[PDB]
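Take a look at the structure set out below.
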Amino acid sequence: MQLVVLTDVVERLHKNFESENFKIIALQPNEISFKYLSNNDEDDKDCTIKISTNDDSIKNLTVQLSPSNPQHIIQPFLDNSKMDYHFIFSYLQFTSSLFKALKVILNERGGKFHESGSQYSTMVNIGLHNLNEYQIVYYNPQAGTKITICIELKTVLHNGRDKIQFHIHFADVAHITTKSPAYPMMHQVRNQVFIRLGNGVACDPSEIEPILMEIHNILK
Amino acid sequence: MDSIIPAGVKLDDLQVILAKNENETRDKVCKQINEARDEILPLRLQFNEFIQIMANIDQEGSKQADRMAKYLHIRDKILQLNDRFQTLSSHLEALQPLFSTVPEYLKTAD
Amino acid sequence: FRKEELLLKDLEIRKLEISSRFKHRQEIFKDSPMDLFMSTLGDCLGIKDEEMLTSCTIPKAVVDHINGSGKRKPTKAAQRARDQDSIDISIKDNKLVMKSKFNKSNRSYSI
Amino acid sequence: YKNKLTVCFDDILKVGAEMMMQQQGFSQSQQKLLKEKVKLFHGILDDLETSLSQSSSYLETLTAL
Amino acid sequence: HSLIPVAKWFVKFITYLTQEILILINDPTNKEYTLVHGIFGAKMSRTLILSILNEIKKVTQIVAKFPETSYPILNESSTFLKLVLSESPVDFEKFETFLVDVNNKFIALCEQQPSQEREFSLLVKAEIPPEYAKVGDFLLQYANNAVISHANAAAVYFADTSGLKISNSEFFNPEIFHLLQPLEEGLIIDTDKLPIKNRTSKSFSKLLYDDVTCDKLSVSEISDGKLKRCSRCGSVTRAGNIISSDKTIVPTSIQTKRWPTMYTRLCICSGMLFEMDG
């Protein structure tokens with residue numbers, strides 16, 4: 001029964017995770033160690049799935065994520081929410097590119113001593129509300145300024161069909177006037193970016209990772 | 001409860017006091033900040049659960065006693081919400097003397 | 001066609017009763033947002049005031065004055081005021097009483 | 001921050017007070033008011049968490065130094 | 001009271017065209033969204049909506065001038081009519097000036113160069129001839145600053161305008177929305193060749209929304225067999241029949257002959273309406 005349910009899970013994943021980075025590292029009766037991201041390490045499991053089997057099927061499929069994997073910040077929300085496993089896999093495949101982009105962003109600041117006295121006053125950390133949105137705010141204690149970038153999952157009607165796209169935009173609180181000392185960089189971002197309707201930027205996940213770096217190119 | 005850090009004492013005197021006693025107060029404040037960090041998340045989780053309950057009020061209701069049970073449950077929920085607010089207020093006021101040195105240090109370093 | 005006339009009259013009486021109800025409620029329990037929320041929500045359900053529970057205790061001065069049966073006699077002006085109001089209001093043992101004056105049946109307030 | 005957490009949970013009931021007042025459909029103004037109230041509650045919770053983390057880190061660095 | 005469900009589709013319609021304005025600005029080379037050009041190009045439609053907005057103002061002014069006073073409980077329908085107009089995501093006055101300015105600009109262009117095919121193009125072709133490529137650029141640039149400046153840009157883009165029943169793909173069920181036989185065999189198809197689940201008129205179309213009063217169809221109205229289908233456009237409507245008490249202002253057994261009785265035998269597209277088989 002354990003093997004049959006594992007085979008069913010693997011078949012469903014193959015149906016839902018058709019990507020060139022999908023691979024299984026270690027197979028265990030009680031846990032799953034498979035790699036679906038672009039991590040170079042062979043034995044590092046990007047996603048860990050614990051197997052809790054019952055007389056007929058798996059009781060619960062708990063998703064565990066490696067600390068090196070940037071996706072570990074969503075672990076408590078996955079743990080406390082009993083959502084469909086297929087839906088969880090769909091969300092993971094839909095947001096893997098976003099996770100890679102934010103991994104690059106956080107590793108830019110997380111680099112070790114490069115023998116440069118460029119002690120930047122801006123620190124990048126991830127703000128979290130729920131599974132529907134992921135938020136990034138730039139902490140500057142020296143200048144006393146904030147740079148909030150919210151990424152929500154909003155549905156938009158497209159050719160008689162509703163689609164979900166990443167809504168990368170500045171919050172409605174960001175009605176920053178020209179008088180702010182840090183306003184130059186928000187204004188530059190607005191001028192050079194603001195599918196753009198003036199405030200929001202809806203993007204295809206297959207194309208979020210270059211455009212976000214285009215936003216991050218100004219940031220870096 | 002216990003006032004390890006006296007009120008009105010200067011920062012340097014607190015440094016001298018902290019330098020000794022083998023860091024029992026350091027252990028206590030580390031435990032307090034750890035439990036505050038481990039309490040931050042469950043408050044968010046249960047608050048989202050309360051929002052979900054409120055939004056789904058028009059579902060799974062067919063008997064009047066069901067409303068009695070559900071609304072007694074929610075009133076109890078906000079009961080432990082106010083209790084947890086009081087507990088976190090106590091936690092922050094316990095660390096209030098410790099945080100009181102930060103404004104003085106910042107203004108002296110200015 | 002007296003049926004529709006009495007339905008509409010009952011609806012107007014209900015809306016004015018609800019108006020007096022919330023204008024009195026917002027001031028009697030102004031100090032407790034919890035109590036106001038649970039009271040108005042239970043009355044939206046249709047719960048009689050004698051069954052629901054209160055976390056806080058109200059002062060006894062308002063209870064003594066609203067009835068006047070104590071040492072201080074009720075004011076004749078207060079009598080006229082309570083006559084002109086559409087709802088008979090009184091508190092018995094830290095709980096008020098609410099009863100419809102036209103329909104004695106179990107008027108369900110549920111939505 | 002002590003007053004903000006108290007008023008925010010008092011205001012979410014206050015924001016709803018007019019919402020069930022009409023109940024005693026839904027107005028879009030009240031719905032967006034509730035949305036901004038809950039999102040600002042989450043934001044101030046995150047800000048307080050960040051402030052606590054920064055204060056803690058200052059605590060260890062000053063104790064070490 | 002019965003006009004309220006119609007007004008919901010009336011507001012839901014004007015939002016779809018305004019939504020396409022924002023989309024077309026970013027990518028003007030998309031040929032799949034050329035319908036937006038023809039709608040504004042139609043000359044009587046701009047006047048027709050203005051007349052609708054005129055009588056809407058007249059009705060509201062008359063209702064304000066002559067409100068219901070004997071029974072306050074009956075004022076809900078009158079009050080709701082005022083509320084739905086004010087609570088609309090886009091102001092009607094700003095949208096009223098939008099179509100008015102288009103008419104004047106499209107009249108002076110006729111005097112600049114005489115042409116009669118443009119009248120056909122703006123009404124039927126829903127396209128602009130290549131010789132008038134400069135005219136197409138004017139629609140994209142001017143529409144942004146005219147009305148959108150007074151509305152919420154973020155809200156209209158994400159607004160739920162789906163279910164308008166405009167395209168044919170969302171009229172018939174997806175099982176049968178395809179060619180079934182080769183052109184050699186002809187265009188008319190015998191019923192016996194249809195799929196077993198698709199051999200009844202009930203499975204031909206989406207029986208979810210109404211087409212005359214623009215109201216949602218409940219389970220009771222679906223199952224009573226008193227609804228009608230148009231043999232021409234596939235529309236489904238329960239017009240010409242007494243409405244249930246739950247759809248009235250107050251639940252009652254009084255039977256009232258409502259305006260749907262105009263379309264008892266003739267559909268909206270001049271087609272015939274027949275009792276839907278169960």
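Identifiers in this document derive from the order of the structure tokens: chains are assigned A, B, ..., residues are numbered from 1 separately in each chain, and ligands are numbered from 1 in order of occurrence.
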Closest contacts (chain C/chain B, max 10 Å, only C-alpha atoms) as a tab-separated table:
```
residue	atom	partner	partner_atom	distance
C:34	CA	B:75	CA	8.3
C:35	CA	B:75	CA	9.9
C:37	CA	B:75	CA	9.9
C:38	CA	B:75	CA	7.8
C:41	CA	B:71	CA	9.0
C:42	CA	B:71	CA	8.6
C:45	CA	B:67	CA	7.9
C:46	CA	B:64	CA	9.3
C:47	CA	B:68	CA	9.1
C:52	CA	B:68	CA	9.4
C:53	CA	B:72	CA	9.8
C:110	CA	B:64	CA	9.7
```
Residue selection dump (N, CA, C and O atoms) as a short mmCIF file (atom, residue, chain, number, x, y, z; two decimals), in the first residue's frame:
```cif
data_model
loop_
_atom_site.label_atom_id
_atom_site.label_comp_id
_atom_site.auth_asym_id
_atom_site.auth_seq_id
_atom_site.Cartn_x
_atom_site.Cartn_y
_atom_site.Cartn_z
N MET C 34 -17.17 44.55 23.12
CA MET C 34 -17.55 43.14 23.12
C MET C 34 -19.02 42.96 23.43
O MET C 34 -19.73 42.20 22.75
N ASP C 35 -19.50 43.63 24.48
CA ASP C 35 -20.89 43.44 24.89
C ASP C 35 -21.84 43.96 23.81
O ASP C 35 -22.84 43.30 23.50
N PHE C 37 -21.23 44.24 20.55
CA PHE C 37 -21.16 43.32 19.42
C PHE C 37 -21.98 42.07 19.67
O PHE C 37 -22.83 41.69 18.85
N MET C 38 -21.76 41.41 20.81
CA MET C 38 -22.45 40.15 21.06
C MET C 38 -23.95 40.37 21.26
O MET C 38 -24.76 39.55 20.82
N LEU C 41 -25.47 41.10 17.80
CA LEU C 41 -25.40 39.90 16.97
C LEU C 41 -26.39 38.84 17.44
O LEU C 41 -27.02 38.17 16.62
N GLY C 42 -26.55 38.68 18.76
CA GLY C 42 -27.55 37.76 19.27
C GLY C 42 -28.96 38.20 18.95
O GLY C 42 -29.82 37.37 18.63
N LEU C 45 -29.59 37.25 15.59
CA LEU C 45 -30.00 35.85 15.61
C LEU C 45 -31.44 35.71 16.08
O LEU C 45 -32.21 34.90 15.54
N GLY C 46 -31.83 36.48 17.10
CA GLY C 46 -33.16 36.38 17.66
C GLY C 46 -33.17 35.80 19.06
O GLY C 46 -34.13 35.12 19.45
N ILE C 47 -32.11 36.05 19.82
CA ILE C 47 -31.98 35.49 21.17
C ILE C 47 -32.64 36.44 22.16
O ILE C 47 -32.42 37.65 22.14
N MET C 52 -28.84 35.18 27.04
CA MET C 52 -27.45 35.53 26.79
C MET C 52 -26.76 36.00 28.07
O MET C 52 -27.39 36.47 29.01
N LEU C 53 -25.43 35.86 28.09
CA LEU C 53 -24.62 36.17 29.25
C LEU C 53 -23.81 37.44 29.02
O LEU C 53 -23.42 37.76 27.89
N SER C 110 -34.00 36.53 12.87
CA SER C 110 -32.93 35.96 12.08
C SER C 110 -33.01 36.42 10.63
O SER C 110 -34.09 36.69 10.09
#
```
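Residues in contact range of residue 94 of chain C, defined as at most 8 Å between only C-alpha atoms, with sequence neighbours fewer than 3 positions away removed, read residues 57, 58, 60 and 91 of chain C.
Distance annotation: of B:61, B:42, B:103, B:97, the residue with the minimal separation from residue 2 of chain B is B:97; atom set is only C-alpha atoms.
Nearest residue to residue 29 of chain B among B:69, B:109, B:5, B:102 is B:5, counting only C-alpha atoms.
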Taking only C-alpha atoms into account, find every residue of chain E that has an atom no more than 12 Å from chain C, and write it out as a PDB file with N, CA and C atoms, in the first residue's frame.
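Full text of out08.pdb as output:
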```
ATOM      1  N   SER E  70     -46.608  57.612   0.924  1.00  0.00           N
ATOM      2  CA  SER E  70     -47.614  56.888   1.695  1.00  0.00           C
ATOM      3  C   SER E  70     -47.001  55.715   2.449  1.00  0.00           C
ATOM      4  N   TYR E  71     -46.124  54.955   1.797  1.00  0.00           N
ATOM      5  CA  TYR E  71     -45.517  53.768   2.390  1.00  0.00           C
ATOM      6  C   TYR E  71     -44.001  53.874   2.318  1.00  0.00           C
ATOM      7  N   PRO E  72     -43.336  54.194   3.433  1.00  0.00           N
ATOM      8  CA  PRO E  72     -41.866  54.271   3.414  1.00  0.00           C
ATOM      9  C   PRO E  72     -41.190  52.956   3.065  1.00  0.00           C
ATOM     10  N   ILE E  73     -41.826  51.821   3.364  1.00  0.00           N
ATOM     11  CA  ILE E  73     -41.207  50.522   3.104  1.00  0.00           C
ATOM     12  C   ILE E  73     -41.014  50.296   1.609  1.00  0.00           C
ATOM     13  N   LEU E  74     -41.854  50.911   0.777  1.00  0.00           N
ATOM     14  CA  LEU E  74     -41.761  50.751  -0.667  1.00  0.00           C
ATOM     15  C   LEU E  74     -40.696  51.635  -1.300  1.00  0.00           C
ATOM     16  N   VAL E 250     -42.146  41.726  -1.952  1.00  0.00           N
ATOM     17  CA  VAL E 250     -42.573  41.035  -0.737  1.00  0.00           C
ATOM     18  C   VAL E 250     -43.161  39.691  -1.146  1.00  0.00           C
ATOM     19  N   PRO E 251     -42.804  38.596  -0.477  1.00  0.00           N
ATOM     20  CA  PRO E 251     -43.379  37.287  -0.833  1.00  0.00           C
ATOM     21  C   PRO E 251     -44.893  37.292  -0.691  1.00  0.00           C
ATOM     22  N   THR E 252     -45.579  37.073  -1.812  1.00  0.00           N
ATOM     23  CA  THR E 252     -47.032  37.077  -1.839  1.00  0.00           C
ATOM     24  C   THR E 252     -47.509  36.201  -2.987  1.00  0.00           C
ATOM     25  N   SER E 253     -48.774  35.801  -2.913  1.00  0.00           N
ATOM     26  CA  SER E 253     -49.388  34.963  -3.933  1.00  0.00           C
ATOM     27  C   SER E 253     -50.094  35.764  -5.020  1.00  0.00           C
ATOM     28  N   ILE E 254     -50.032  37.094  -4.961  1.00  0.00           N
ATOM     29  CA  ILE E 254     -50.681  37.922  -5.971  1.00  0.00           C
ATOM     30  C   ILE E 254     -49.939  37.779  -7.294  1.00  0.00           C
TER      31      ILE E 254
END
```
Give me every helix (DSSP H, G or I) residue in segment 92-218 of chain A, going by DSSP on the backbone, as a count of residues only.
42
Residues of chain D at most 8 Å from chain B: nearest atom pair and distance in Å, only C-alpha atoms, as a Markdown table:
```
| residue | atom | partner | partner_atom | distance |
| --- | --- | --- | --- | --- |
| D:2 | CA | B:89 | CA | 7.1 |
| D:6 | CA | B:85 | CA | 7.9 |
| D:42 | CA | B:44 | CA | 7.7 |
| D:45 | CA | B:40 | CA | 8.0 |
| D:49 | CA | B:40 | CA | 7.3 |
| D:52 | CA | B:33 | CA | 7.9 |
| D:55 | CA | B:99 | CA | 7.5 |
| D:56 | CA | B:33 | CA | 7.4 |
| D:63 | CA | B:18 | CA | 7.7 |
```
Sorted per-residue table, chain A near chain B, closest atoms and distance, 9 Å, only C-alpha atoms, as a tab-separated table:
```
residue	atom	partner	partner_atom	distance
A:76	CA	B:41	CA	8.5
A:77	CA	B:45	CA	8.0
A:80	CA	B:45	CA	7.9
A:129	CA	B:44	CA	8.4
A:130	CA	B:48	CA	8.4
```
Can I get the selected residues back with N, CA, C and O atoms, as a short mmCIF file (atom, residue, chain, number, x, y, z; two decimals), in the first residue's frame?
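Once everything was written out, this is result-v3.cif:
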```cif
data_model
loop_
_atom_site.label_atom_id
_atom_site.label_comp_id
_atom_site.auth_asym_id
_atom_site.auth_seq_id
_atom_site.Cartn_x
_atom_site.Cartn_y
_atom_site.Cartn_z
N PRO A 76 5.37 27.36 7.77
CA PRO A 76 4.27 27.33 8.75
C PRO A 76 2.89 27.41 8.11
O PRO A 76 1.95 26.76 8.59
N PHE A 77 2.74 28.20 7.04
CA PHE A 77 1.43 28.33 6.41
C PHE A 77 1.01 27.04 5.73
O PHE A 77 -0.17 26.68 5.75
N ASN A 80 0.00 24.61 8.77
CA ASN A 80 -1.25 24.85 9.49
C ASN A 80 -2.48 24.80 8.60
O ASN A 80 -3.60 24.78 9.12
N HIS A 129 1.95 37.71 4.68
CA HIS A 129 0.59 37.83 5.17
C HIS A 129 -0.15 36.50 5.17
O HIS A 129 -0.67 36.08 6.20
N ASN A 130 -0.21 35.84 4.02
CA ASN A 130 -0.83 34.52 3.90
C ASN A 130 -0.25 33.85 2.65
O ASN A 130 0.73 34.33 2.07
#
```
Spatial neighbours of segment 22-38 of chain D, max dist 12 Å, only C-alpha atoms, sep filter under 4 positions, as a compact mmCIF listing (two decimals) with N, CA, C and O atoms, in the first residue's frame:
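around02.txt, freshly written:
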```txt
# COMPACT_ATOMS: atom_id res chain seq x y z
N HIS A 129 1.95 37.71 4.68
CA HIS A 129 0.59 37.83 5.17
C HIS A 129 -0.15 36.50 5.17
O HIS A 129 -0.67 36.08 6.20
N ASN A 130 -0.21 35.84 4.02
CA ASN A 130 -0.83 34.52 3.90
C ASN A 130 -0.25 33.85 2.65
O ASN A 130 0.73 34.33 2.07
N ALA A 171 2.17 49.61 -2.90
CA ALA A 171 0.93 49.64 -2.15
C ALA A 171 0.26 51.01 -2.27
O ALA A 171 0.89 52.01 -2.62
N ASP A 172 -1.04 51.04 -1.97
CA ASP A 172 -1.79 52.29 -2.01
C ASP A 172 -1.29 53.30 -0.99
O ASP A 172 -1.50 54.50 -1.17
N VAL A 173 -0.64 52.84 0.08
CA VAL A 173 -0.03 53.76 1.04
C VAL A 173 1.11 54.52 0.38
O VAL A 173 1.41 55.66 0.77
N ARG B 44 -0.95 35.44 14.45
CA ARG B 44 -1.34 35.65 13.06
C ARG B 44 -2.18 34.48 12.54
O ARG B 44 -3.19 34.69 11.86
N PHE B 47 -5.62 34.54 14.07
CA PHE B 47 -6.36 35.71 13.60
C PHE B 47 -6.89 35.46 12.19
O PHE B 47 -8.04 35.80 11.88
N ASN B 48 -6.08 34.84 11.33
CA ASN B 48 -6.55 34.44 10.01
C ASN B 48 -7.67 33.41 10.13
O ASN B 48 -8.63 33.43 9.34
N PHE B 50 -9.83 33.23 12.58
CA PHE B 50 -11.01 34.00 12.98
C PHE B 50 -11.62 34.73 11.79
O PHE B 50 -12.85 34.78 11.65
N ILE B 51 -10.79 35.30 10.93
CA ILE B 51 -11.30 35.95 9.72
C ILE B 51 -12.02 34.94 8.83
O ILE B 51 -13.09 35.23 8.28
N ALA B 55 -15.94 35.10 7.74
CA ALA B 55 -16.34 35.14 6.34
C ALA B 55 -17.30 34.01 5.99
O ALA B 55 -18.21 34.18 5.18
N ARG C 14 -41.48 47.76 13.35
CA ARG C 14 -40.22 47.06 13.55
C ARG C 14 -39.03 47.98 13.30
O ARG C 14 -38.06 47.96 14.06
N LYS C 15 -39.08 48.79 12.24
CA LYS C 15 -37.93 49.63 11.94
C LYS C 15 -37.77 50.73 12.98
O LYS C 15 -36.65 51.05 13.39
N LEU C 16 -38.88 51.32 13.46
CA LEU C 16 -38.75 52.33 14.51
C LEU C 16 -38.29 51.70 15.82
O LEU C 16 -37.51 52.31 16.57
N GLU C 17 -38.75 50.48 16.11
CA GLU C 17 -38.29 49.78 17.30
C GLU C 17 -36.79 49.50 17.22
O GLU C 17 -36.08 49.64 18.21
N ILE C 18 -36.31 49.10 16.04
CA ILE C 18 -34.88 48.85 15.86
C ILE C 18 -34.09 50.15 16.00
O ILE C 18 -32.99 50.17 16.56
N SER C 19 -34.64 51.26 15.50
CA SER C 19 -33.99 52.55 15.66
C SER C 19 -33.81 52.90 17.13
O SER C 19 -32.70 53.21 17.58
N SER C 20 -34.91 52.84 17.90
CA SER C 20 -34.82 53.09 19.33
C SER C 20 -33.87 52.09 20.00
O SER C 20 -33.11 52.45 20.91
N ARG C 21 -33.89 50.84 19.53
CA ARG C 21 -33.07 49.80 20.11
C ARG C 21 -31.59 50.14 20.00
O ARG C 21 -30.86 50.11 20.99
N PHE C 22 -31.13 50.50 18.80
CA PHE C 22 -29.70 50.73 18.68
C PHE C 22 -29.30 52.08 19.28
O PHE C 22 -28.19 52.20 19.81
N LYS C 23 -30.18 53.09 19.23
CA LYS C 23 -29.82 54.35 19.86
C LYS C 23 -29.71 54.21 21.37
O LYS C 23 -28.90 54.90 22.00
N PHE C 37 -21.23 44.24 20.55
CA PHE C 37 -21.16 43.32 19.42
C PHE C 37 -21.98 42.07 19.67
O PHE C 37 -22.83 41.69 18.85
N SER C 39 -24.34 41.49 21.87
CA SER C 39 -25.76 41.76 22.07
C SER C 39 -26.47 42.00 20.74
O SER C 39 -27.52 41.40 20.47
N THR C 40 -25.91 42.87 19.89
CA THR C 40 -26.55 43.14 18.61
C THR C 40 -26.52 41.92 17.71
O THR C 40 -27.48 41.68 16.96
N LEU C 41 -25.47 41.10 17.80
CA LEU C 41 -25.40 39.90 16.97
C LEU C 41 -26.39 38.84 17.44
O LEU C 41 -27.02 38.17 16.62
N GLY C 42 -26.55 38.68 18.76
CA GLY C 42 -27.55 37.76 19.27
C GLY C 42 -28.96 38.20 18.95
O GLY C 42 -29.82 37.37 18.63
N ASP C 43 -29.23 39.51 19.02
CA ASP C 43 -30.54 40.01 18.62
C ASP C 43 -30.76 39.90 17.12
O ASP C 43 -31.91 39.79 16.68
N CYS C 44 -29.69 39.95 16.32
CA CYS C 44 -29.81 39.59 14.91
C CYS C 44 -30.16 38.11 14.75
O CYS C 44 -30.94 37.76 13.86
N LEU C 45 -29.59 37.25 15.59
CA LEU C 45 -30.00 35.85 15.61
C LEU C 45 -31.44 35.71 16.08
O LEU C 45 -32.21 34.90 15.54
N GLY C 46 -31.83 36.48 17.10
CA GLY C 46 -33.16 36.38 17.66
C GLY C 46 -33.17 35.80 19.06
O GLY C 46 -34.13 35.12 19.45
N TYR C 109 -35.97 37.26 14.59
CA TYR C 109 -35.19 38.34 14.02
C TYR C 109 -34.08 37.84 13.11
O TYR C 109 -33.28 38.65 12.62
N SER C 110 -34.00 36.53 12.87
CA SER C 110 -32.93 35.96 12.08
C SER C 110 -33.01 36.42 10.63
O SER C 110 -34.09 36.69 10.09
N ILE C 111 -31.85 36.50 9.99
CA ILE C 111 -31.77 36.91 8.59
C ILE C 111 -31.54 35.70 7.70
O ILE C 111 -30.51 35.03 7.80
N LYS D 4 -1.54 50.81 19.61
CA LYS D 4 -1.93 50.46 18.24
C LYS D 4 -2.60 49.09 18.19
O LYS D 4 -3.61 48.91 17.50
N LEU D 5 -2.06 48.11 18.91
CA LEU D 5 -2.64 46.77 18.90
C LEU D 5 -4.01 46.75 19.57
O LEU D 5 -4.89 45.99 19.15
N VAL D 7 -6.22 49.42 19.77
CA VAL D 7 -7.20 50.14 18.97
C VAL D 7 -7.52 49.38 17.69
O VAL D 7 -8.66 49.41 17.22
N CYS D 8 -6.54 48.69 17.12
CA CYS D 8 -6.77 47.98 15.86
C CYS D 8 -7.82 46.90 16.02
O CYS D 8 -8.70 46.74 15.16
N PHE D 9 -7.76 46.13 17.11
CA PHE D 9 -8.81 45.15 17.36
C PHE D 9 -10.10 45.81 17.84
O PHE D 9 -11.18 45.24 17.67
N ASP D 10 -10.00 46.99 18.44
CA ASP D 10 -11.21 47.75 18.76
C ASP D 10 -11.80 48.37 17.50
O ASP D 10 -13.03 48.46 17.36
N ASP D 11 -10.95 48.80 16.56
CA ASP D 11 -11.44 49.43 15.34
C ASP D 11 -12.02 48.42 14.36
O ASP D 11 -12.97 48.76 13.64
N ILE D 12 -11.48 47.21 14.30
CA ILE D 12 -12.03 46.20 13.40
C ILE D 12 -13.46 45.87 13.80
O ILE D 12 -14.30 45.57 12.94
N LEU D 13 -13.77 45.93 15.09
CA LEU D 13 -15.16 45.85 15.52
C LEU D 13 -15.89 47.17 15.27
O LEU D 13 -17.07 47.18 14.93
N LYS D 14 -15.18 48.29 15.43
CA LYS D 14 -15.76 49.59 15.12
C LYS D 14 -16.05 49.73 13.63
O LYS D 14 -17.09 50.27 13.24
N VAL D 15 -15.13 49.25 12.78
CA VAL D 15 -15.37 49.27 11.34
C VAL D 15 -16.57 48.41 10.99
O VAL D 15 -17.41 48.79 10.16
N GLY D 16 -16.68 47.24 11.62
CA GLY D 16 -17.84 46.40 11.42
C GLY D 16 -19.11 46.93 12.05
O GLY D 16 -20.21 46.54 11.64
N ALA D 17 -18.99 47.83 13.04
CA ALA D 17 -20.16 48.33 13.75
C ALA D 17 -21.18 48.93 12.78
O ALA D 17 -22.38 48.66 12.88
N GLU D 18 -20.71 49.75 11.84
CA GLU D 18 -21.59 50.25 10.80
C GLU D 18 -21.95 49.17 9.78
O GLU D 18 -22.97 49.29 9.10
N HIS D 42 -1.80 43.43 9.96
CA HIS D 42 -0.71 42.53 9.61
C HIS D 42 0.61 43.28 9.45
O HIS D 42 1.66 42.82 9.91
N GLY D 43 0.57 44.45 8.79
CA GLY D 43 1.78 45.22 8.58
C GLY D 43 2.41 45.70 9.88
O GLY D 43 3.63 45.65 10.04
N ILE D 44 1.59 46.19 10.81
CA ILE D 44 2.14 46.65 12.08
C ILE D 44 2.64 45.48 12.91
O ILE D 44 3.62 45.61 13.65
N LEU D 45 2.00 44.31 12.80
CA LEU D 45 2.54 43.12 13.46
C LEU D 45 3.93 42.79 12.92
O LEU D 45 4.86 42.51 13.69
N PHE E 80 -32.74 52.34 -3.98
CA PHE E 80 -31.70 51.51 -4.58
C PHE E 80 -31.32 52.00 -5.97
O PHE E 80 -30.16 51.87 -6.38
N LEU E 83 -28.82 54.62 -5.46
CA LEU E 83 -27.57 54.09 -4.92
C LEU E 83 -26.74 53.40 -5.98
O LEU E 83 -25.51 53.57 -6.03
N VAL E 84 -27.37 52.60 -6.85
CA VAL E 84 -26.61 51.83 -7.83
C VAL E 84 -25.91 52.75 -8.82
O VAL E 84 -24.84 52.42 -9.34
N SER E 86 -24.82 55.95 -8.10
CA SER E 86 -23.72 56.62 -7.40
C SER E 86 -22.60 55.65 -7.05
O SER E 86 -21.43 56.03 -7.06
N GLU E 87 -22.94 54.40 -6.74
CA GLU E 87 -21.94 53.41 -6.32
C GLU E 87 -21.25 52.74 -7.50
O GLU E 87 -20.42 51.85 -7.27
N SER E 88 -21.58 53.11 -8.73
CA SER E 88 -20.92 52.52 -9.88
C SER E 88 -19.43 52.85 -9.86
O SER E 88 -19.04 53.96 -9.48
N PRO E 89 -18.57 51.91 -10.26
CA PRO E 89 -17.12 52.18 -10.20
C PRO E 89 -16.67 53.33 -11.09
O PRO E 89 -15.64 53.95 -10.79
N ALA E 155 -8.87 48.96 -9.94
CA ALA E 155 -10.10 48.21 -9.69
C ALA E 155 -10.73 47.72 -10.99
O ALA E 155 -11.18 46.57 -11.07
```
Pick out the chain E residues within 7 Å of chain A. Count only C-alpha atoms. Give them as a VMD selection string.
chain E and resid 22 26 153 to 154 158 160 162
For the selection just defined, write its residues with N, CA, C and O atoms to a file, as an mmCIF file, in the first residue's frame.
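Listing of out24.cif after writing:
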```
data_model
loop_
_atom_site.group_PDB
_atom_site.id
_atom_site.type_symbol
_atom_site.label_atom_id
_atom_site.label_comp_id
_atom_site.auth_asym_id
_atom_site.auth_seq_id
_atom_site.Cartn_x
_atom_site.Cartn_y
_atom_site.Cartn_z
ATOM 1 N N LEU E 22 -7.680 50.115 -21.336
ATOM 2 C CA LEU E 22 -6.385 50.002 -20.675
ATOM 3 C C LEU E 22 -5.520 48.929 -21.328
ATOM 4 O O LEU E 22 -4.300 49.095 -21.445
ATOM 5 N N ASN E 26 -1.285 49.349 -24.106
ATOM 6 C CA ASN E 26 0.027 48.716 -24.026
ATOM 7 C C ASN E 26 0.404 48.046 -25.346
ATOM 8 O O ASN E 26 1.539 48.185 -25.818
ATOM 9 N N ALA E 153 -8.089 52.950 -11.617
ATOM 10 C CA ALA E 153 -7.470 52.148 -12.665
ATOM 11 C C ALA E 153 -7.256 50.708 -12.216
ATOM 12 O O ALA E 153 -7.508 49.769 -12.980
ATOM 13 N N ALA E 154 -6.793 50.514 -10.980
ATOM 14 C CA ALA E 154 -6.503 49.166 -10.499
ATOM 15 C C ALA E 154 -7.773 48.335 -10.361
ATOM 16 O O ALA E 154 -7.764 47.127 -10.632
ATOM 17 N N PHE E 158 -9.059 44.511 -12.665
ATOM 18 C CA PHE E 158 -9.324 43.248 -11.988
ATOM 19 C C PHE E 158 -10.805 43.015 -11.719
ATOM 20 O O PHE E 158 -11.150 42.014 -11.080
ATOM 21 N N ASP E 160 -14.617 41.850 -12.066
ATOM 22 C CA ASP E 160 -15.187 40.613 -12.596
ATOM 23 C C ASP E 160 -16.324 40.969 -13.544
ATOM 24 O O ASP E 160 -17.479 41.117 -13.142
ATOM 25 N N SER E 162 -16.828 38.937 -16.223
ATOM 26 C CA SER E 162 -17.081 37.693 -16.935
ATOM 27 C C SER E 162 -18.555 37.307 -16.834
ATOM 28 O O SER E 162 -19.275 37.718 -15.922
#
```
